[PDB]
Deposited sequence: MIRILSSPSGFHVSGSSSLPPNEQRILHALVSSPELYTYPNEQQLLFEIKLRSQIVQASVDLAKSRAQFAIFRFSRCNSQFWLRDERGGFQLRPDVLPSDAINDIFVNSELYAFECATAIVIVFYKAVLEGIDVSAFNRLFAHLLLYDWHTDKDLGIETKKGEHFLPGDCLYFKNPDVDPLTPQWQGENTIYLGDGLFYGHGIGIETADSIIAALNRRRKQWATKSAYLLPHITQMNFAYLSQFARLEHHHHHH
C-alpha cells in the first residue's frame, strides 16, 4: 500500500459516512424496483427500475440532485448503497474525472456497478464506510422487501439502512426478525463490500 492511497482511503471513508448521514436525513423514500422513482430532469427509469443517466446531463449534477431534489426519488436499500458511494467519490475526486469516468452511469445495485470496482470479501473487521448485509433468512413471503438490509457502517456501533434509518445492529436485526415466517434470526453476513480505493485514489483532488 502506497502512502497516498492509504490516506485517500481513510479520507474517503469519512465522505462515505457524511453521504450516508445526508441521504438518511433527506426526503428520499424507500421503494421496490417495480415502483422506483427519480427526477426526470436527470434520470430515465429503465425496464428493470434502475435509474439511467440521461445523455445530456452531467454525472456530477445528477448524483448531487438525488440529495437536492431527494423528494423526487424512491429506491431500494441496495440502490442507496451505490448512491452514497458515488456521492462520496464525487466529494473526493476531481469533478472533471468524475464526469468523464461515470458518463453513462446506471444505478441499480452494487452488483451491476462497474465504474467503482466494488467487490465483496469474507471478513468481520469492517470499518466505517463499509457496506454490510443483514440477512433475514426466514423472511415473510408476503413481504419479500425484508429478505435483508444493505447498510453502511458509520462508526459508534451505528449503521445506515435506507428505509430504516441510523440504527445499531441490534435494532436492525430486531426490526427484520418479525417480518418473518420461525427458527433463524436475522444475522450479519461475515462479508465486507467496498469500492476499490487504490484504483480511485489516482483521481483524488489536490488539497
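Comparing the deposited sequence with the modelled residues, the stretches lacking C-alpha coordinates are 1 to 39, 221 to 222, 249 to 254.
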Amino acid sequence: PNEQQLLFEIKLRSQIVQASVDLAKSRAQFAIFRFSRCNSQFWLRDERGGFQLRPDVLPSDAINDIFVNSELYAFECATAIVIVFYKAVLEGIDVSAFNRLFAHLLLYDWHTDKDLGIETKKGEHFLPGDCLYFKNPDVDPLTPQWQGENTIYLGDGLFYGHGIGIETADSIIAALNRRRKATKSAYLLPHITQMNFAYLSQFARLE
From here on, numbers count along this sequence of modelled residues.
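Stretches 117 to 125 and 85 to 93 differ in mean CA B factor, with 117 to 125 having the higher one. Between the stretches 143 to 151 and 24 to 32, it is 143 to 151 that shows the larger average CA temperature factor.
When the Cα B-factors of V57, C38, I63, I172 are read from the PDB record, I172 comes out highest. Of the candidates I10, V17, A186, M195, the deposited coordinates give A186 the top C-alpha B factor. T79: CA B factor in the lowest third of modelled residues in this chain (values from the PDB entry).
Sorting the modelled residues of the chain by their CA temperature factor places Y133 in the middle third. When all modelled residues of the chain are sorted by CA temperature factor, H162 is found within the lowest third. Annotation for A182: CA B-factor lies in the highest third of the chain's modelled residues.
In the PDB entry, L53 places in the middle third of its chain by CA B-factor.
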